[PDB]
file model_31.csv (CSV, C-alpha atoms)
chain,number,residue,atom,x,y,z
A,266,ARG,CA,31.1,-33.4,-7.3
A,267,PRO,CA,28.9,-31.9,-10.0
A,268,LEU,CA,25.8,-29.9,-8.9
A,269,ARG,CA,22.6,-31.9,-8.8
A,270,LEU,CA,20.0,-30.4,-11.1
A,271,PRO,CA,16.3,-31.3,-10.5
A,272,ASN,CA,14.2,-33.6,-12.5
A,273,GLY,CA,10.8,-32.7,-14.0
A,274,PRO,CA,9.1,-31.4,-17.1
A,275,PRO,CA,10.9,-28.7,-19.2
A,276,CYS,CA,11.1,-25.3,-17.6
A,277,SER,CA,9.0,-22.5,-19.1
A,278,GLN,CA,9.3,-18.8,-20.1
A,279,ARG,CA,8.8,-16.4,-17.2
A,280,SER,CA,10.3,-13.0,-18.4
A,281,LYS,CA,8.0,-10.0,-18.3
A,282,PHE,CA,8.0,-9.7,-22.1
A,283,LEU,CA,9.0,-11.8,-25.1
A,284,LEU,CA,12.6,-11.8,-25.9
A,285,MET,CA,13.8,-13.7,-29.0
A,286,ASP,CA,10.2,-14.4,-30.1
A,287,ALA,CA,9.2,-10.7,-30.2
A,288,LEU,CA,7.9,-9.1,-33.3
A,289,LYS,CA,8.0,-5.4,-34.1
A,290,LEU,CA,5.6,-3.3,-36.2
A,291,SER,CA,7.6,-0.2,-37.0
A,292,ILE,CA,7.3,3.2,-38.6
A,293,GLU,CA,10.3,5.2,-39.9
A,294,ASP,CA,11.3,8.9,-39.2
A,295,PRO,CA,7.9,9.6,-37.5
A,300,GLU,CA,5.1,11.9,-32.9
A,301,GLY,CA,5.8,11.2,-29.3
A,302,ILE,CA,2.5,10.2,-27.7
A,303,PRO,CA,2.6,6.4,-27.2
A,304,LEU,CA,-1.0,5.8,-28.3
A,305,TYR,CA,-0.5,7.8,-31.5
A,306,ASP,CA,2.6,5.9,-32.4
A,307,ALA,CA,1.0,2.6,-31.7
A,308,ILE,CA,-1.9,3.2,-34.0
A,309,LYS,CA,0.3,4.3,-36.8
A,310,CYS,CA,2.4,1.2,-36.3
A,311,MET,CA,-0.7,-1.0,-36.4
A,312,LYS,CA,-1.8,0.6,-39.7
A,313,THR,CA,1.5,-0.6,-41.4
A,314,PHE,CA,0.2,-4.2,-41.2
A,315,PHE,CA,-2.6,-5.3,-43.5
A,316,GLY,CA,-2.7,-9.0,-42.8
A,317,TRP,CA,-5.1,-8.7,-39.9
A,318,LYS,CA,-7.8,-11.4,-39.6
A,319,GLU,CA,-10.4,-12.7,-37.2
A,320,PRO,CA,-8.4,-13.9,-34.2
A,321,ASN,CA,-8.6,-17.4,-32.9
A,322,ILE,CA,-7.0,-19.4,-30.1
A,323,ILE,CA,-4.4,-21.8,-31.4
A,324,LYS,CA,-2.6,-22.8,-28.2
A,325,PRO,CA,-4.7,-22.7,-25.0
A,326,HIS,CA,-3.6,-21.7,-21.5
A,327,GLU,CA,-4.0,-24.9,-19.6
A,328,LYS,CA,-4.9,-23.1,-16.4
A,329,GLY,CA,-6.7,-20.0,-17.7
A,330,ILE,CA,-10.1,-18.9,-18.9
A,331,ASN,CA,-9.2,-19.0,-22.6
A,332,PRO,CA,-12.3,-17.2,-24.0
A,333,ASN,CA,-11.4,-14.2,-21.8
A,334,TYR,CA,-7.9,-13.8,-23.4
A,335,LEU,CA,-9.6,-13.8,-26.8
A,336,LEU,CA,-12.3,-11.3,-25.7
A,337,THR,CA,-9.5,-9.0,-24.4
A,338,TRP,CA,-7.6,-8.8,-27.6
A,339,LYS,CA,-10.9,-8.2,-29.5
A,340,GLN,CA,-11.7,-5.5,-27.0
A,341,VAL,CA,-8.3,-3.9,-27.6
A,342,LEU,CA,-9.0,-3.8,-31.3
A,343,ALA,CA,-12.5,-2.4,-30.7
A,344,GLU,CA,-11.4,0.4,-28.4
A,345,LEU,CA,-8.6,1.2,-30.9
A,346,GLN,CA,-11.3,1.5,-33.6
A,347,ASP,CA,-13.3,3.8,-31.3
A,348,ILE,CA,-10.4,6.3,-30.7
A,349,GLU,CA,-10.0,6.6,-34.4
A,350,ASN,CA,-13.6,7.7,-34.7
A,351,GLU,CA,-12.9,10.4,-32.2
A,352,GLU,CA,-12.0,13.9,-33.5
A,353,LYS,CA,-8.7,13.9,-31.6
A,354,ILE,CA,-6.8,10.9,-30.4
A,355,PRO,CA,-6.7,11.0,-26.6
A,356,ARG,CA,-3.4,11.1,-24.7
A,357,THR,CA,-4.2,7.8,-22.9
A,358,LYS,CA,-6.9,5.2,-23.3
A,359,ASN,CA,-8.7,3.7,-20.2
A,360,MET,CA,-10.3,0.4,-21.2
A,361,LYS,CA,-13.9,-0.4,-20.3
A,362,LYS,CA,-14.0,-2.6,-17.3
A,363,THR,CA,-15.4,-5.7,-18.9
A,364,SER,CA,-15.9,-9.1,-17.4
A,365,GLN,CA,-12.9,-10.5,-19.3
A,366,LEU,CA,-10.6,-7.7,-18.0
A,367,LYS,CA,-11.9,-7.9,-14.5
A,368,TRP,CA,-11.0,-11.6,-14.5
A,369,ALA,CA,-7.7,-11.2,-16.3
A,370,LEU,CA,-6.6,-8.5,-13.9
A,371,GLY,CA,-7.5,-10.4,-10.8
A,372,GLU,CA,-10.3,-8.1,-9.8
A,398,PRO,CA,6.8,-25.1,-6.3
A,399,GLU,CA,7.3,-27.9,-8.9
A,400,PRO,CA,10.9,-28.7,-9.9
A,401,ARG,CA,11.7,-28.3,-13.6
A,402,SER,CA,14.5,-29.6,-15.9
A,403,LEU,CA,16.6,-27.4,-18.0
A,404,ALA,CA,15.4,-27.0,-21.6
A,405,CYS,CA,17.5,-25.7,-24.5
A,406,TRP,CA,15.4,-22.6,-25.2
A,407,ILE,CA,17.0,-20.5,-22.5
A,408,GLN,CA,20.5,-21.1,-23.8
A,409,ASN,CA,19.1,-20.2,-27.2
A,410,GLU,CA,17.6,-17.0,-25.7
A,411,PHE,CA,21.0,-16.2,-24.2
A,412,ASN,CA,22.8,-16.8,-27.5
A,413,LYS,CA,20.3,-14.5,-29.3
A,414,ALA,CA,20.9,-11.8,-26.7
A,415,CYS,CA,24.7,-11.8,-27.5
A,416,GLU,CA,24.1,-11.1,-31.2
A,417,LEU,CA,24.4,-7.9,-33.2
A,418,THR,CA,21.2,-6.4,-34.7
A,419,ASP,CA,20.9,-4.1,-37.7
A,420,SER,CA,19.8,-1.2,-35.5
A,421,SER,CA,21.4,1.1,-33.0
A,422,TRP,CA,19.5,1.0,-29.6
A,423,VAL,CA,21.5,3.6,-27.6
A,424,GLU,CA,23.5,6.6,-28.5
A,425,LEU,CA,26.8,7.5,-26.8
A,426,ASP,CA,25.9,9.9,-24.0
A,436,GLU,CA,39.7,11.7,-17.3
A,437,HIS,CA,40.5,10.7,-20.9
A,438,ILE,CA,41.5,7.1,-20.4
A,439,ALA,CA,38.1,6.5,-18.9
A,440,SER,CA,36.7,8.4,-22.0
A,441,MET,CA,38.2,6.3,-24.8
A,442,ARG,CA,37.0,3.2,-23.1
A,443,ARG,CA,33.4,4.3,-22.9
A,444,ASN,CA,33.2,5.1,-26.6
A,445,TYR,CA,34.9,1.9,-27.8
A,446,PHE,CA,32.7,-0.2,-25.5
A,447,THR,CA,29.6,1.6,-26.7
A,448,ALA,CA,30.6,1.0,-30.4
A,449,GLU,CA,30.5,-2.7,-29.5
A,450,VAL,CA,27.2,-2.9,-27.7
A,451,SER,CA,25.0,-0.2,-29.2
A,452,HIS,CA,23.7,-2.6,-31.8
A,453,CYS,CA,23.6,-5.6,-29.5
A,454,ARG,CA,20.2,-7.4,-29.0
A,455,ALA,CA,20.7,-7.3,-25.2
A,456,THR,CA,20.7,-3.5,-25.5
A,457,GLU,CA,17.4,-3.7,-27.3
A,458,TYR,CA,16.1,-5.6,-24.3
A,459,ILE,CA,17.4,-2.9,-22.0
A,460,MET,CA,15.7,-0.1,-23.8
A,461,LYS,CA,12.6,-2.2,-24.3
A,462,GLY,CA,12.5,-2.9,-20.5
A,463,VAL,CA,13.2,0.7,-19.5
A,464,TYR,CA,10.4,2.0,-21.8
A,465,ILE,CA,7.7,-0.5,-20.6
A,466,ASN,CA,8.6,-0.2,-16.9
A,467,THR,CA,8.6,3.6,-17.1
A,468,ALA,CA,5.2,3.6,-18.8
A,469,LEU,CA,3.8,1.1,-16.4
A,470,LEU,CA,5.1,2.8,-13.3
A,471,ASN,CA,3.9,6.2,-14.4
A,472,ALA,CA,0.4,4.9,-15.3
A,473,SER,CA,0.3,3.2,-12.0
A,474,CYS,CA,0.7,6.5,-10.2
A,475,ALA,CA,-1.3,8.8,-12.5
A,476,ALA,CA,-4.3,6.5,-13.2
A,477,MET,CA,-4.7,4.2,-10.2
A,478,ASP,CA,-8.3,3.1,-10.8
A,479,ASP,CA,-8.1,2.8,-14.6
A,480,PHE,CA,-7.4,-0.3,-16.7
A,481,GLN,CA,-5.1,1.8,-18.9
A,482,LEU,CA,-4.0,0.5,-22.3
A,483,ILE,CA,-0.2,0.7,-22.5
A,484,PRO,CA,1.7,0.3,-25.8
A,485,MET,CA,4.9,-1.6,-25.7
A,486,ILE,CA,7.3,0.6,-27.6
A,487,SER,CA,11.0,1.0,-28.3
A,488,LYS,CA,13.0,3.3,-30.6
A,489,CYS,CA,16.1,2.8,-32.6
A,490,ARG,CA,18.2,4.2,-35.5
A,491,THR,CA,18.8,2.3,-38.8
A,492,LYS,CA,22.2,1.7,-40.4
A,493,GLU,CA,21.3,4.6,-42.7
A,494,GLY,CA,20.6,6.9,-39.8
A,495,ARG,CA,16.8,6.9,-40.0
A,496,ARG,CA,14.9,7.0,-36.7
A,497,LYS,CA,12.4,4.2,-36.2
A,498,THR,CA,9.6,3.6,-33.7
A,499,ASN,CA,8.7,0.0,-32.8
A,500,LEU,CA,5.5,-1.6,-31.4
A,501,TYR,CA,5.8,-5.0,-29.7
A,502,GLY,CA,2.2,-5.2,-28.5
A,503,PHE,CA,0.2,-3.9,-25.6
A,504,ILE,CA,-0.3,-4.4,-21.9
A,505,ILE,CA,-3.4,-3.5,-19.9
A,506,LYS,CA,-2.8,-2.4,-16.3
A,507,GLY,CA,-5.0,-3.4,-13.4
A,508,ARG,CA,-5.9,-1.3,-10.4
A,509,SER,CA,-2.8,0.1,-8.8
A,510,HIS,CA,-2.7,1.8,-5.5
A,511,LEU,CA,1.0,1.1,-5.0
A,512,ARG,CA,1.6,2.5,-1.5
A,513,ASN,CA,4.6,0.3,-0.8
A,514,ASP,CA,7.5,-0.8,-2.9
A,515,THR,CA,6.3,-4.4,-2.6
A,516,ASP,CA,2.7,-3.7,-3.7
A,517,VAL,CA,1.9,-5.5,-6.9
A,518,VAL,CA,0.1,-4.2,-10.0
A,519,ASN,CA,-1.5,-6.9,-12.2
A,520,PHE,CA,-1.4,-6.6,-16.0
A,521,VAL,CA,-2.3,-8.6,-19.1
A,522,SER,CA,0.3,-8.6,-21.9
A,523,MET,CA,-0.4,-9.1,-25.6
A,524,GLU,CA,2.7,-9.6,-27.7
A,525,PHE,CA,3.2,-10.0,-31.5
A,526,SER,CA,5.2,-13.0,-32.7
A,527,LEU,CA,6.0,-15.2,-35.7
A,528,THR,CA,6.9,-18.1,-33.3
A,529,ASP,CA,4.5,-21.0,-33.5
A,530,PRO,CA,4.2,-22.1,-29.9
A,531,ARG,CA,3.4,-25.7,-30.8
A,532,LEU,CA,7.1,-26.3,-31.6
A,533,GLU,CA,8.1,-25.8,-27.9
A,534,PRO,CA,4.8,-26.1,-26.0
A,535,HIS,CA,6.6,-26.4,-22.6
A,536,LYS,CA,8.1,-23.0,-23.1
A,537,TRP,CA,4.6,-21.4,-23.2
A,538,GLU,CA,2.7,-23.0,-20.4
A,539,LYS,CA,1.8,-19.6,-18.9
A,540,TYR,CA,0.4,-18.2,-22.2
A,541,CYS,CA,-2.7,-18.3,-24.4
A,542,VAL,CA,-1.6,-17.9,-28.0
A,543,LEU,CA,-3.9,-16.4,-30.6
A,544,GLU,CA,-3.5,-16.4,-34.4
A,545,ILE,CA,-4.2,-12.9,-35.4
A,546,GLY,CA,-3.1,-12.3,-39.0
A,547,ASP,CA,-1.0,-13.4,-41.9
A,548,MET,CA,2.3,-12.0,-42.9
A,549,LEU,CA,3.6,-12.1,-46.5
A,550,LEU,CA,7.4,-12.4,-46.1
A,551,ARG,CA,10.0,-11.8,-48.8
A,552,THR,CA,12.6,-14.6,-48.9
A,553,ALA,CA,15.3,-15.4,-51.4
A,554,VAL,CA,13.1,-18.4,-52.2
A,555,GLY,CA,10.2,-16.1,-53.0
A,556,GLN,CA,7.4,-14.6,-50.9
A,557,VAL,CA,6.2,-16.9,-48.1
A,558,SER,CA,2.9,-16.5,-46.1
A,559,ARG,CA,3.4,-17.0,-42.4
A,560,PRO,CA,0.9,-16.6,-39.6
A,561,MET,CA,1.2,-13.8,-37.0
A,562,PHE,CA,0.6,-14.9,-33.4
A,563,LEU,CA,-0.3,-13.0,-30.3
A,564,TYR,CA,1.2,-14.3,-27.0
A,565,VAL,CA,-1.2,-13.4,-24.1
A,566,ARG,CA,-0.6,-13.9,-20.4
A,567,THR,CA,-1.6,-12.4,-17.1
A,568,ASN,CA,1.4,-11.2,-15.0
A,569,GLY,CA,2.2,-8.8,-12.2
A,570,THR,CA,5.1,-6.7,-11.0
A,571,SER,CA,5.9,-4.6,-7.9
A,572,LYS,CA,6.8,-1.0,-7.5
A,573,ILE,CA,10.4,-1.9,-6.7
A,574,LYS,CA,10.8,-4.2,-9.7
A,575,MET,CA,9.5,-1.4,-11.9
A,576,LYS,CA,12.0,1.1,-10.4
A,577,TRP,CA,14.8,-1.5,-11.2
A,578,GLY,CA,13.3,-1.9,-14.6
A,579,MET,CA,13.6,1.9,-15.2
A,580,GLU,CA,17.3,1.5,-14.2
A,581,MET,CA,18.3,-1.2,-16.7
A,582,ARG,CA,20.8,1.1,-18.4
A,583,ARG,CA,23.0,0.3,-15.4
A,584,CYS,CA,23.7,-3.0,-17.2
A,585,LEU,CA,25.7,-1.0,-19.8
A,586,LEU,CA,27.7,0.7,-17.1
A,587,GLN,CA,28.1,-2.5,-14.9
A,588,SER,CA,29.5,-4.5,-17.8
A,589,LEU,CA,31.7,-1.7,-19.0
A,590,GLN,CA,33.3,-1.7,-15.5
A,591,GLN,CA,34.1,-5.4,-15.8
A,592,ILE,CA,35.9,-4.8,-19.1
A,593,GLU,CA,37.9,-1.9,-17.5
A,594,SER,CA,38.9,-4.3,-14.7
A,595,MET,CA,40.3,-6.6,-17.3
A,596,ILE,CA,42.0,-3.7,-19.1
A,597,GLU,CA,43.4,-2.2,-15.9
A,598,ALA,CA,45.1,-5.5,-15.3
A,599,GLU,CA,47.8,-4.5,-17.9
A,607,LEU,CA,46.9,-0.3,-23.0
A,608,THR,CA,43.3,0.5,-23.7
A,609,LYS,CA,43.7,1.1,-27.5
A,610,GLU,CA,45.3,-2.4,-27.7
A,611,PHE,CA,42.3,-4.3,-26.3
A,612,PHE,CA,39.7,-2.8,-28.6
A,613,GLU,CA,41.8,-2.8,-31.8
A,614,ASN,CA,43.3,-6.3,-31.5
A,631,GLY,CA,38.6,-14.8,-29.5
A,632,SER,CA,37.6,-11.1,-29.8
A,633,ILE,CA,36.8,-8.1,-27.6
A,634,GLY,CA,33.4,-7.4,-29.2
A,635,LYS,CA,32.0,-10.8,-28.3
A,636,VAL,CA,33.3,-10.5,-24.7
A,637,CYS,CA,31.6,-7.2,-24.3
A,638,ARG,CA,28.3,-8.4,-25.7
A,639,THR,CA,28.5,-11.6,-23.7
A,640,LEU,CA,29.1,-9.7,-20.4
A,641,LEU,CA,26.3,-7.3,-21.3
A,642,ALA,CA,23.8,-10.2,-22.0
A,643,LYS,CA,24.6,-11.9,-18.7
A,644,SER,CA,24.0,-8.6,-16.9
A,645,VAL,CA,20.9,-8.0,-18.8
A,646,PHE,CA,19.6,-11.5,-18.3
A,647,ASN,CA,20.3,-11.1,-14.5
A,648,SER,CA,17.9,-8.2,-14.6
A,649,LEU,CA,15.3,-9.8,-16.8
A,650,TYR,CA,15.3,-13.0,-14.7
A,651,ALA,CA,16.0,-11.5,-11.3
A,652,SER,CA,15.1,-13.8,-8.4
A,653,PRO,CA,16.0,-14.8,-4.9
A,654,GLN,CA,17.3,-18.1,-6.2
A,655,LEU,CA,19.6,-16.3,-8.7
A,656,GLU,CA,21.0,-14.3,-5.8
A,657,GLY,CA,21.3,-17.4,-3.7
A,658,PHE,CA,23.0,-19.3,-6.5
A,659,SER,CA,25.5,-16.6,-7.5
A,660,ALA,CA,26.5,-15.8,-3.9
A,661,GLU,CA,27.0,-19.5,-2.9
A,662,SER,CA,28.5,-20.9,-6.1
A,663,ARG,CA,31.0,-18.1,-5.9
A,664,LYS,CA,32.3,-19.7,-2.7
A,665,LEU,CA,32.5,-23.2,-4.2
A,666,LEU,CA,34.4,-21.8,-7.2
A,667,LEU,CA,37.0,-20.2,-5.0
A,668,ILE,CA,37.5,-23.4,-3.1
A,669,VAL,CA,37.8,-25.5,-6.2
A,670,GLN,CA,40.1,-23.0,-7.8
A,671,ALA,CA,42.2,-23.1,-4.7
A,672,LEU,CA,42.8,-26.8,-5.5
A,673,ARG,CA,45.5,-25.6,-8.0
A,674,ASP,CA,47.6,-26.7,-5.0
A,675,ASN,CA,46.9,-30.4,-5.4
A,680,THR,CA,32.4,-25.6,9.2
A,681,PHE,CA,34.2,-28.9,8.3
A,682,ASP,CA,33.1,-30.5,5.0
A,683,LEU,CA,31.5,-29.1,1.8
A,684,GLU,CA,28.3,-31.0,2.2
A,685,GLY,CA,26.7,-27.8,3.6
A,686,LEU,CA,27.8,-25.5,0.7
A,687,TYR,CA,26.4,-27.8,-2.0
A,688,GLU,CA,23.0,-27.9,-0.1
A,689,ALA,CA,23.0,-24.1,-0.1
A,690,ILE,CA,23.7,-23.9,-3.8
A,691,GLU,CA,21.4,-26.8,-5.0
A,692,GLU,CA,18.3,-25.7,-3.1
A,693,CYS,CA,18.4,-22.6,-5.3
A,694,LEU,CA,18.0,-25.0,-8.2
A,695,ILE,CA,14.2,-25.6,-8.6
A,696,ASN,CA,12.5,-24.4,-11.7
A,697,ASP,CA,14.0,-21.0,-12.8
A,698,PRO,CA,15.4,-21.4,-16.3
A,699,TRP,CA,18.1,-18.7,-15.9
A,700,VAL,CA,19.3,-20.1,-12.6
A,701,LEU,CA,19.3,-23.6,-14.1
A,702,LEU,CA,21.3,-22.5,-17.1
A,703,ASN,CA,23.9,-20.9,-15.0
A,704,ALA,CA,24.1,-24.1,-13.0
A,705,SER,CA,24.7,-26.0,-16.2
A,706,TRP,CA,27.4,-23.5,-17.1
A,707,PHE,CA,28.9,-24.0,-13.6
A,708,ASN,CA,29.0,-27.7,-14.1
A,709,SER,CA,31.0,-27.2,-17.3
A,710,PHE,CA,33.5,-25.1,-15.4
A,711,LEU,CA,33.8,-27.9,-12.8
A,712,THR,CA,34.1,-30.6,-15.5
A,713,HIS,CA,37.2,-29.0,-16.9
call {"tool": "encode", "arguments": {"input": "model_31.csv", "output": "structure tokens"}}
result
Amino acid sequence: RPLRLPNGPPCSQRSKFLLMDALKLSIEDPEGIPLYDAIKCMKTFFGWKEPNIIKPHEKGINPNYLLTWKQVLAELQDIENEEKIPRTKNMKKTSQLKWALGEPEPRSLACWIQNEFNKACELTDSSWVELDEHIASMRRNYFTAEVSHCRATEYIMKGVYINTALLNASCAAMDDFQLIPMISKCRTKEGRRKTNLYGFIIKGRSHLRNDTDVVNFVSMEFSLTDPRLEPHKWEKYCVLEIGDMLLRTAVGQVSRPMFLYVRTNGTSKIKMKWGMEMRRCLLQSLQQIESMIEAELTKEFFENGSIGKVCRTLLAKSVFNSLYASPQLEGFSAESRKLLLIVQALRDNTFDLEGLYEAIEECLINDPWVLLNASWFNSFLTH
């Protein structure tokens, strides 16, 4: 029997930062202080204009999201009028920030999450990580050659950076609404080092005494994605239009609007610690590959369907497990693992299985990643 997926409106984005829809402002061969870098990145864009709301947050105070972005711009203009750029910027505690910083309906699967996953498996033009017995050695280098440019690896480094920055600011600046650039770094195909700005978050108060204590934040992320194409994906966001980008195409130059995706969010101490640990995804998926290799001859696997895609696909699954971590995901994977073994055991053809299905399917509510894996599971069943 196939798994029963819930009915309801399309599921919506719930990651801590944009994935496929992200947009970088970058500077090449920059130099180390986040705020400094962020400003220089901002200055590379000249299409800025008066911001306006173009897709409202249905459940939020929309003017507050717009005032917040205007405030970020204003305080950035201030710290450029200062003699020396400060090491960090604590935002004025305005009414819009105080509100923004806070001071289960079933959903159907929509195609955007499979699309996200597909994007995560792809190669990018940039290298996102450098290579840090001898049989175990050759494997680490070949594997790394295959995933260092992978988009999922960008997500890892992006996630490590923002969780490190947020966790540190949470400890060092507990009562400040600190402004925190979202940054990553990479190397181009020609070897040039590049610094990337995705946007900003602003932290709320953060006396994180326990691992489960939550710090609130508001995230502000650049994008060229028009949210009106997939409104359901963006139910948690206010989207602003903030500039115009002149884009060079083989058809000519095209003007496209730049958007800012804004939402309020929160994360706990322990999720941030896991966030800092996302490079484990590289190791964890390398081990799965070695398990396949040690079932037979290392040079043969990586020199001779294709090994590159298998690496990147395992990495993306691992990365997406981290990005979309949840009790439901843990419930689904632990339980569906049991059904799989039982079904696979029928290569030979607590009582019944009615109980097992209930355990699996009650994990299937509204989480897009869990729902997608369910859809994958059904394909495995229906074959």
call {"tool": "closest_atom_pairs", "arguments": {"input": "model_31.csv", "of": "stretch 526-576 of chain A", "to": "stretch 357-398 of chain A", "cutoff": "12 Å", "atoms": "all atoms listed in the file", "output": "JSON lines"}}
result
{"residue": "A:541", "atom": "CA", "partner": "A:369", "partner_atom": "CA", "distance": 11.9}
{"residue": "A:565", "atom": "CA", "partner": "A:369", "partner_atom": "CA", "distance": 10.4}
{"residue": "A:566", "atom": "CA", "partner": "A:369", "partner_atom": "CA", "distance": 8.6}
{"residue": "A:567", "atom": "CA", "partner": "A:369", "partner_atom": "CA", "distance": 6.3}
{"residue": "A:568", "atom": "CA", "partner": "A:370", "partner_atom": "CA", "distance": 8.5}
{"residue": "A:569", "atom": "CA", "partner": "A:370", "partner_atom": "CA", "distance": 9.0}
call {"tool": "write_last_selection", "arguments": {"input": "model_31.csv", "atoms": "C-alpha atoms", "output": "short mmCIF file (atom, residue, chain, number, x, y, z; two decimals), in the coordinates of the input"}}
result
data_model
loop_
_atom_site.label_atom_id
_atom_site.label_comp_id
_atom_site.auth_asym_id
_atom_site.auth_seq_id
_atom_site.Cartn_x
_atom_site.Cartn_y
_atom_site.Cartn_z
CA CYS A 541 -2.70 -18.30 -24.40
CA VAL A 565 -1.20 -13.40 -24.10
CA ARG A 566 -0.60 -13.90 -20.40
CA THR A 567 -1.60 -12.40 -17.10
CA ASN A 568 1.40 -11.20 -15.00
CA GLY A 569 2.20 -8.80 -12.20
#
call {"tool": "closest_residue", "arguments": {"input": "model_31.csv", "among": "A:593, A:684, A:674, A:478", "to": "residue A:511", "atoms": "only C-alpha atoms"}}
result
A:478
call {"tool": "residues_around", "arguments": {"input": "model_31.csv", "residues": "stretch 447-460 of chain A", "least_positions_apart": "6", "cutoff": "6 Å", "atoms": "all atoms listed in the file", "output": "count of residues only"}}
result
12
call {"tool": "residues_around", "arguments": {"input": "model_31.csv", "residues": "residue A:561", "least_positions_apart": "6", "cutoff": "8 Å", "atoms": "all atoms listed in the file", "output": "mmCIF file with C-alpha atoms, in the coordinates of the input"}}
result
data_model
loop_
_atom_site.group_PDB
_atom_site.id
_atom_site.type_symbol
_atom_site.label_atom_id
_atom_site.label_comp_id
_atom_site.auth_asym_id
_atom_site.auth_seq_id
_atom_site.Cartn_x
_atom_site.Cartn_y
_atom_site.Cartn_z
ATOM 1 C CA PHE A 525 3.200 -10.000 -31.500
ATOM 2 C CA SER A 526 5.200 -13.000 -32.700
ATOM 3 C CA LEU A 527 6.000 -15.200 -35.700
ATOM 4 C CA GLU A 544 -3.500 -16.400 -34.400
ATOM 5 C CA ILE A 545 -4.200 -12.900 -35.400
ATOM 6 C CA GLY A 546 -3.100 -12.300 -39.000
ATOM 7 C CA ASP A 547 -1.000 -13.400 -41.900
ATOM 8 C CA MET A 548 2.300 -12.000 -42.900
#
call {"tool": "closest_residue", "arguments": {"input": "model_31.csv", "among": "A:659, A:587, A:528, A:644", "to": "residue A:560", "atoms": "only C-alpha atoms"}}
result
A:528
call {"tool": "residues_around", "arguments": {"input": "model_31.csv", "residues": "residue A:704", "least_positions_apart": "6", "cutoff": "12 Å", "atoms": "all atoms listed in the file", "output": "PDB file with C-alpha atoms, in the frame of the given file"}}
result
ATOM      1  CA  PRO A 267      28.900 -31.900 -10.000  1.00  0.00           C
ATOM      2  CA  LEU A 268      25.800 -29.900  -8.900  1.00  0.00           C
ATOM      3  CA  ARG A 269      22.600 -31.900  -8.800  1.00  0.00           C
ATOM      4  CA  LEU A 270      20.000 -30.400 -11.100  1.00  0.00           C
ATOM      5  CA  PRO A 271      16.300 -31.300 -10.500  1.00  0.00           C
ATOM      6  CA  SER A 402      14.500 -29.600 -15.900  1.00  0.00           C
ATOM      7  CA  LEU A 403      16.600 -27.400 -18.000  1.00  0.00           C
ATOM      8  CA  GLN A 408      20.500 -21.100 -23.800  1.00  0.00           C
ATOM      9  CA  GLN A 654      17.300 -18.100  -6.200  1.00  0.00           C
ATOM     10  CA  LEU A 655      19.600 -16.300  -8.700  1.00  0.00           C
ATOM     11  CA  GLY A 657      21.300 -17.400  -3.700  1.00  0.00           C
ATOM     12  CA  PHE A 658      23.000 -19.300  -6.500  1.00  0.00           C
ATOM     13  CA  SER A 659      25.500 -16.600  -7.500  1.00  0.00           C
ATOM     14  CA  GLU A 661      27.000 -19.500  -2.900  1.00  0.00           C
ATOM     15  CA  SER A 662      28.500 -20.900  -6.100  1.00  0.00           C
ATOM     16  CA  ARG A 663      31.000 -18.100  -5.900  1.00  0.00           C
ATOM     17  CA  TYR A 687      26.400 -27.800  -2.000  1.00  0.00           C
ATOM     18  CA  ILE A 690      23.700 -23.900  -3.800  1.00  0.00           C
ATOM     19  CA  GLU A 691      21.400 -26.800  -5.000  1.00  0.00           C
ATOM     20  CA  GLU A 692      18.300 -25.700  -3.100  1.00  0.00           C
ATOM     21  CA  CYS A 693      18.400 -22.600  -5.300  1.00  0.00           C
ATOM     22  CA  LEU A 694      18.000 -25.000  -8.200  1.00  0.00           C
ATOM     23  CA  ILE A 695      14.200 -25.600  -8.600  1.00  0.00           C
ATOM     24  CA  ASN A 696      12.500 -24.400 -11.700  1.00  0.00           C
ATOM     25  CA  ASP A 697      14.000 -21.000 -12.800  1.00  0.00           C
ATOM     26  CA  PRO A 698      15.400 -21.400 -16.300  1.00  0.00           C
ATOM     27  CA  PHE A 710      33.500 -25.100 -15.400  1.00  0.00           C
ATOM     28  CA  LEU A 711      33.800 -27.900 -12.800  1.00  0.00           C
TER      29      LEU A 711
END
call {"tool": "atom_distance", "arguments": {"input": "model_31.csv", "atom1": "atom CA of residue A:344", "atom2": "atom CA of residue A:509"}}
result
21.4 Å
call {"tool": "atom_distance", "arguments": {"input": "model_31.csv", "atom1": "atom CA of residue A:592", "atom2": "atom CA of residue A:444"}}
result
12.7 Å
call {"tool": "closest_residue", "arguments": {"input": "model_31.csv", "among": "A:340, A:332, A:437, A:463", "to": "residue A:575", "atoms": "all atoms listed in the file"}}
result
A:463
call {"tool": "closest_residue", "arguments": {"input": "model_31.csv", "among": "A:345, A:284, A:563, A:472", "to": "residue A:322", "atoms": "all atoms listed in the file"}}
result
A:563
call {"tool": "closest_residue", "arguments": {"input": "model_31.csv", "among": "A:673, A:289, A:508, A:281", "to": "residue A:310", "atoms": "all atoms listed in the file"}}
result
A:289
call {"tool": "closest_residue", "arguments": {"input": "model_31.csv", "among": "A:442, A:316, A:557, A:479", "to": "residue A:590", "atoms": "only C-alpha atoms"}}
result
A:442
call {"tool": "atom_distance", "arguments": {"input": "model_31.csv", "atom1": "atom CA of residue A:489", "atom2": "atom CA of residue A:290"}}
result
12.7 Å
call {"tool": "residues_near_point", "arguments": {"input": "model_31.csv", "point": "(4.6, -25.9, -27.1)", "cutoff": "12 Å", "atoms": "all atoms listed in the file", "output": "NGL selection string"}}
result
:A and (275-278 or 323-327 or 406 or 528-542)
